[PDB]
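First up is the structure itself, then whatever we jot down about it.
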Amino acid sequence: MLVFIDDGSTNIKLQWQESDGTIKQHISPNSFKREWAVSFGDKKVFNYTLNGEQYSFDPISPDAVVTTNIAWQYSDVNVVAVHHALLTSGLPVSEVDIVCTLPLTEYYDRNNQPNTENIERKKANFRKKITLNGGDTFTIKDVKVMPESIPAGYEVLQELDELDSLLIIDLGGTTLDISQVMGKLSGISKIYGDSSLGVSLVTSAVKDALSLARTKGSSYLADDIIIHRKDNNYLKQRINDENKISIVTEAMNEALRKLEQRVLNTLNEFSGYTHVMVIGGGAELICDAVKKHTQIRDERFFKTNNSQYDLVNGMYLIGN
Amino acid sequence: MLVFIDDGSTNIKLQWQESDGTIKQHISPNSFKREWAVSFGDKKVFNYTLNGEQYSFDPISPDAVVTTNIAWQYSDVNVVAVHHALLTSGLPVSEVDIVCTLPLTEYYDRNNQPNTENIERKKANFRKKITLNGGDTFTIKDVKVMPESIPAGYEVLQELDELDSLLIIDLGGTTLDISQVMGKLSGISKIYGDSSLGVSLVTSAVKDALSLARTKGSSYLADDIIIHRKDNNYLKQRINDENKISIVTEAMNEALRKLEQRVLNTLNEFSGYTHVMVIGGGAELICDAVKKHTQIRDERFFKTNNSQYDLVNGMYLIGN
Amino acid sequence: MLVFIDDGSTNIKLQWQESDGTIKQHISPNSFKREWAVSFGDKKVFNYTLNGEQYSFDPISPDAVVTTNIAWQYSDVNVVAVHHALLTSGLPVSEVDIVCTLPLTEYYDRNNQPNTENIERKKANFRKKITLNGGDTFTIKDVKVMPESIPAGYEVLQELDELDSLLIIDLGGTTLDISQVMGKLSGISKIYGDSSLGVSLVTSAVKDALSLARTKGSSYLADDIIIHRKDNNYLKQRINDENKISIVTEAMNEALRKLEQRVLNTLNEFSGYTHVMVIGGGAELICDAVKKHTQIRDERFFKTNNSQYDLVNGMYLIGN
Ligand SMILES: Nc1ncnc2c1ncn2[C@@H]1O[C@H](COP(=O)(O)OP(=O)(O)NP(=O)(O)O)[C@@H](O)[C@H]1O
Ligand SMILES: Nc1ncnc2c1ncn2[C@@H]1O[C@H](COP(=O)(O)OP(=O)(O)NP(=O)(O)O)[C@@H](O)[C@H]1O
Ligand SMILES: Nc1ncnc2c1ncn2[C@@H]1O[C@H](COP(=O)(O)OP(=O)(O)NP(=O)(O)O)[C@@H](O)[C@H]1O
Ligand SMILES: [Mg+2]
Ligand SMILES: [Mg+2]
Ligand SMILES: [Mg+2]
């Protein structure tokens, strides 16, 4: 079994092919607290131990570990998150080989050549031993690494002359990863990583607002509100203090404007790209402003209906 | 192995003969940035170090080194460019002897005798030591120099009486090299070099227009647009701002007219030539206006289908 | 009040005259993070808001905004930086008229005539409204623009015949600005701007080394190490990992050699200058190599003891 694991700070995305050749996808939010959870009734809890420390998957706790940083790539929580994603995917527990991911600036030196040091640090992290309480964990056999952003442009780069270049803008929870890549993947003009520019800018602001509105929860719940920002009834069902909905929506709106302006300023630093692609969960939030800011003709702008999965799908199309 | 290397500012042209006596040609655009490039996927990158400075072949970057000047003949970038051309030719890495080129006014004193000082400066440049990242470079053994322009007239000069004289007009990226040479190469009436009159006049203008049209790229991409100027669909695929194609084409057209007028005025300064030849990548742009301006009878006008290679082919026919 | 503001990417330099006619100078490093700072004890913090975004002056944070680019000339951060310089100058908050600066290639078209479009874009940037937290900002009334490099040669150009020409080499954090100007400022032979050739080449390399040496800081701290490169005790007090001082000094030394070679190659493109001047913070790093490379006689080489202020002083001597 070979499983493609785009292991992002916010969500693990999995893609893999079944025995009968059908392709499956699974997403798994990285919300874990440093304590075992308690099972009541029909609730199956996932309690893990790694290096003498206990964790549980907990989607609602305000004490869920905040994972919005570079260190997380090689962290213990990462290993828990990836095992948990495997254990909730529907695949039978087993040995597996995996292809995981690194941020551009971790995967590449300033010359756009692999940073074998960091690439190996990544592979070694998945050697850490982990226990699931009252159950068996998958065993992680062979580990290979790919860069983030770039693999998502695979299909599009195929029908692109080697003179054209595609700007792939990957906005995740922690990091803005930008790459400019020549047609047929014949070259890489430029990479760029900003690990202080993520949707967490918004997540963090929404989380604080929710707490003020007496809806104290995890980063995940805050993201859940960002995802449903356009649904006033959803907002009204989730947010406890009915009198403070505008505090959440406006806090969200201001951080979104900040997100936008910061992202657009970053684009000003690229030039000569003929095509523009926007991928990641953040794509939904910035795609209009990007298309507009780049004056790229409609046909040269690329945005899928499942932006969060663009990367892991590309990893699959390439490496499976 | 003896390789003929017309090492121009814009493109290295190579010609050499295989073991089984077949003649090969290779061209290699001189687009390099002072930074290593990043390999993603199946992209083989060429990262070099010369005198503690790093370079990569980069065809698209707007920061590619602009090489349109005389200094480049003896520069470090030249050495990188020549090694890169060798490494992309398909010849197995090795020792080689090479015959390279100098512009007329560098190769010759005012008396049309070799400028041994400059000729030696040229040979010594190729002694500079260079490293390819994760690979071996060719070793450059014996270096001999020839002048530009003149060698291209070799075949034609053969069937020409010693009384006739051939005007060889070499228009490159940086330099207009003109020579008037007597039949059987029995003499040189006159040389002329203008290093401020090149196709870069047009390249530069196209590059600026492309940037305004949000297609920020290298001089090479700009040349690529000049090469495909007659192909409206190519223009439409490459130029991002569909609303500003005329800005590129008109900027190109005006600089072309300037190129023409400047070249024609230069011709007025030669006299008594019985035959006219036009060589170089620039030949395509000026040949009609030349033929017309010189009132030379059709049979005495010389223009090949591969004008960019006329010189290196002549170097080969002469010295191989 | 009329204040001269050479607003560079790295440092704002201010010069202005007091009521009693005495001339004052102030420098202000452009180190700002996109977050308000926290005041503890006797620390006065400067927290600003511009267009719904928050900033603070922060000299040490590794997350200080990196401002080494052309866009910064018309950016929001620029406006914050200039207001902050005013607020730390010692001038009482007020209305002021200011004379600011543009890089040569922004201030001038290819013909060496004002680029009124860019010049107006510059003036309009300072119309952006900004708030200081718990305090009043200066109001910026009338704005006029001058080019960089040139104004610094004012005094020297005065005692220079109109036949002599002065090469003014302005090396800043982002840009190498070179101008060749005829005596009595009677003409401008040539301008040149390279916004990829700045001391940031070195700053960036020192910053990375400092991080490896567990002294993670801002670009400003890195510059602070470059300024004190000759002081081994300063280096030892600032750099935390005592075992890795050579990594910083050697990384600095290699980038300096790169800086030098790149600057010298640029000079090869000017000719006919009778006098050479070197200004800017970068002057300290390149002046020896310049003087040597240009073979200019000692008396015709110009270098002040306060190279960083040459330009703003010249703006003052001219326009006050
Ligand atoms: N449909 C949606 N609409 C709006 N926002 C969304 C949507 N789906 C996900 N997001 C946001 O996008 C973020 C997750 O993006 P994702 O691309 O999965 O990050 P990641 O890859 O896990 N993190 P990183 O390590 O930075 O790449 C969350 O913070 C969500 O708030
Ligand atoms: N088929 C073509 N049609 C029109 N222009 C062309 C064509 N091929 C090349 N060119 C132009 O010709 C230039 C390259 O000419 P080339 O003769 O290879 O220069 P070079 O020898 O490298 N430079 P120099 O050092 O001045 O001799 C480029 O700037 C192209 O824009
Ligand atoms: N005494 C010194 N010795 C060596 N380097 C210095 C010294 N003072 C300043 N510098 C360097 O010079 C740079 C600042 O130069 P400065 O001329 O103030 O740039 P700027 O005008 O703000 N930027 P630009 O927009 O490119 O003109 C810093 O990066 C410092 O590292
Ligand atoms: Mg991601
Ligand atoms: Mg040539
Ligand atoms: Mg400056």
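Within the set of pairs 6 or more residues apart or between chains, which connect a residue that is part of a strand (DSSP E or B) inside the range C:294-320 to a residue that is buried (at least 16 other Cβ atoms within 10 Å of the Cβ) with Cβ atoms less than 6 Å apart?
From the range C:294-320, the pairs are C:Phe301/C:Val276; C:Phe301/C:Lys291; C:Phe302/C:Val156; C:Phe302/C:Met277.
Residue-wise test of (1) under 24 Å from C:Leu197 (Cα atoms); (2) within 16 Å of ligand 5 (Cβ to nearest atom); (3) not small (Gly, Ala, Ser).
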| position | (1), (2), (3) |
| --- | --- |
| C:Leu2 | no, no, yes |
| C:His26 | no, no, yes |
| C:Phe32 | yes, no, yes |
| C:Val38 | no, no, yes |
| C:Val45 | no, no, yes |
| C:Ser75 | yes, no, no |
| C:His83 | no, no, yes |
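Out of A:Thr274, A:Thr294, which single residue is touching a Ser or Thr at 6+ places or on another chain (Cβ under 7 Å) and polar (S, T, N, Q)?
Numbers: A:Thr294 fails: touching a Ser or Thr at 6+ places or on another chain (Cβ under 7 Å).
After ruling out the rest, the residue left standing is A:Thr274.
When the range A:164-201 is examined, which residues are found to be within 12 Å of chain B (Cβ to nearest Cβ) and β-branched (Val, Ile, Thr)?
Within the range A:164-201, the first condition is being within 12 Å of chain B (Cβ to nearest Cβ), and the residues that meet it are A:164-168, A:177, A:179-193.
Once the filter is applied, which keeps residues that are within 12 Å of chain B (Cβ to nearest Cβ) and β-branched (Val, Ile, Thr), the range A:164-201 yields A:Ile168, A:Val181, A:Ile188, A:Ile191.
Looking at B:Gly272, is it in contact (Cβ under 8 Å) with a residue 40 or more places away in the chain and either outside any helix (DSSP H, G or I) or surrounded by fewer than 17 Cβ atoms within 10 Å (Cβ to Cβ) (or both)?
yes
So which residues in the range A:289-316 are more than 24 Å from A:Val99 (Cβ to Cβ) and within 14 Å of chain B (Cβ to nearest Cβ), if there are any at all? Before the answer, list the steps.
As a first pass, look at the range A:289-316 and keep what is more than 24 Å from A:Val99 (Cβ to Cβ): A:289-301, A:303.
Result: A:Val290, A:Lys291, A:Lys292, A:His293, A:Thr294, A:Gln295, A:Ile296, A:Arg297, A:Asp298, A:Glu299, A:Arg300, A:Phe301.
Take C:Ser246 and tell me if it is within 14 Å of another protein chain (Cβ to nearest Cβ), of a type in the set (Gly, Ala, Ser) and more than 16 Å from ligand 6 (Cβ to nearest atom).
On the way: within 14 Å of another protein chain (Cβ to nearest Cβ): no; of a type in the set (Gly, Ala, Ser): yes; more than 16 Å from ligand 6 (Cβ to nearest atom): yes.
Here the answer is no, as C:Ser246 does not meet what is asked.
Residue by residue through the range A:191-247, note down the ones that are surrounded by 22 or more Cβ atoms within 10 Å (Cβ to Cβ), hydrophobic (A, V, I, L, M, F, W, C) and not in a helix (DSSP H, G or I).
Of everything in the range A:191-247, those that are surrounded by 22 or more Cβ atoms within 10 Å (Cβ to Cβ), hydrophobic (A, V, I, L, M, F, W, C) and not in a helix (DSSP H, G or I) turn out to be A:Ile191, A:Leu197, A:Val199.
Does C:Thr203 satisfy the condition of being among the hydroxyl-bearing types (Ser, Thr, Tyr), under 17 Å from C:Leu311 (Cβ atoms) and away from ligand 2 (no atom under 16 Å from the Cβ)?
Values: among the hydroxyl-bearing types (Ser, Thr, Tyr): yes; under 17 Å from C:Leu311 (Cβ atoms): no; away from ligand 2 (no atom under 16 Å from the Cβ): yes.
No; evaluated as a whole, the condition is false for this residue.
Which count do you get for residues in the range C:1-60 that are closer than 16 Å to C:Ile140 by Cβ, away from every other protein chain (no Cβ under 14 Å) and hydrophobic (A, V, I, L, M, F, W, C)?
Residues in the range C:1-60 being closer than 16 Å to C:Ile140 by Cβ, away from every other protein chain (no Cβ under 14 Å) and hydrophobic (A, V, I, L, M, F, W, C): 8 in total.
With respect to the numbered conditions (1) touching a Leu at 6+ places or on another chain (Cβ under 9 Å); (2) more than 14 Å from chain C (Cβ to nearest Cβ), which one is the sole condition not fulfilled by B:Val143?
So B:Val143 meets the others, but not (1).
Could you please let me know if A:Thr101 is within 14 Å of chain B (Cβ to nearest Cβ), part of a helix (DSSP H, G or I) and either hydroxyl-bearing (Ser, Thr, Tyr) or without any contact (Cβ under 8 Å) to a residue 24 or more places away in the chain (or both)?
Answer is no for this residue.
Go through (1) within 14 Å of chain B (Cβ to nearest Cβ); (2) among the polar types (S, T, N, Q); (3) free of Cβ contacts under 8 Å to residues at least 12 places away in the same chain; (4) out of contact with any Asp or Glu (no Cβ under 8 Å at 6 or more places or on another chain) and name the single condition C:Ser204 misses.
It is condition (3) that C:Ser204 fails.
C:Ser196 - would you say it is within 18 Å of the chain's Cα centre (by Cα) and in the same structural domain as C:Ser271 (by CATH)? Full working, then the answer.
Values: within 18 Å of the chain's Cα centre (by Cα): yes; in the same structural domain as C:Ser271 (by CATH): yes.
Criteria met by C:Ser196.
Are any residues in the range A:255-288 within 14 Å of chain B (Cβ to nearest Cβ) and among the β-branched types (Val, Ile, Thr), and if so, which ones?
Once the filter is applied, which keeps residues that are within 14 Å of chain B (Cβ to nearest Cβ) and among the β-branched types (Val, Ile, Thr), the range A:255-288 yields A:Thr274, A:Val276.
Don't worry about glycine lacking a Cβ; one is built from the backbone with ideal geometry, like all the others, and counts go over all protein chains shown. Numbers and lists here come from the model and the stated rules, or from a named source; nothing here is a laboratory result.
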